[PDB]
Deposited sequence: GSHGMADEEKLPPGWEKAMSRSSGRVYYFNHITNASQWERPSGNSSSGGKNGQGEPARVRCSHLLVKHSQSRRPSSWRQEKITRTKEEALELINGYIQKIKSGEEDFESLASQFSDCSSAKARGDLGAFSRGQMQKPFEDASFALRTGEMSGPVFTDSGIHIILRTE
């Protein structure tokens, strides 16, 4: 399987799935299928222990980390169900200023982002979306666009 991917058994179904411990992605289908540069967008939910608990959305961000994680989980569910798209949730709900660009961060190489974000970004394939990624900024959903 590609970097970070592992096989596991589901609790509810007994069906096998695949989990990525770098990106926190999980899916039923197998992935079997490194560039200098990637381009991603993201959706950031900040919390009380974020390095900077404020944003364009809220002067003082007070939600707990577990609360942020619950929000992130809700957004992932809507993106995966097709009920909302990534860009629209990012513009609306992301605590990053990149919310104004539908979450787009532009292209970047290794050495630039906080490491858990960088690693998750480089482990995604074009088109692929991460699970909840924790950094000192808060919790991220990352979509690799290029």
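- Going by the record, the unmodelled stretches of the deposited sequence, in order, are 1-10, 44-54.
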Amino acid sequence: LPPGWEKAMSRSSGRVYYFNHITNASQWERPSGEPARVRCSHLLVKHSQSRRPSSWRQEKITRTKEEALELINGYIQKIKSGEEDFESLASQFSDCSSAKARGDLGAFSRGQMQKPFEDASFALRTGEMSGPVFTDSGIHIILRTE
From here on, numbers count along this sequence of modelled residues.
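- Averaged over their C-alpha atoms, the temperature factors of 52-60 and 115-123 are higher for 52-60.
- Comparing 23-31 with 93-101, the stretch with the higher mean C-alpha B-factor in the PDB entry is 23-31.
- Each of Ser41, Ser109, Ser81, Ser88 has a CA temperature factor in the record; the biggest one is found at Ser109.
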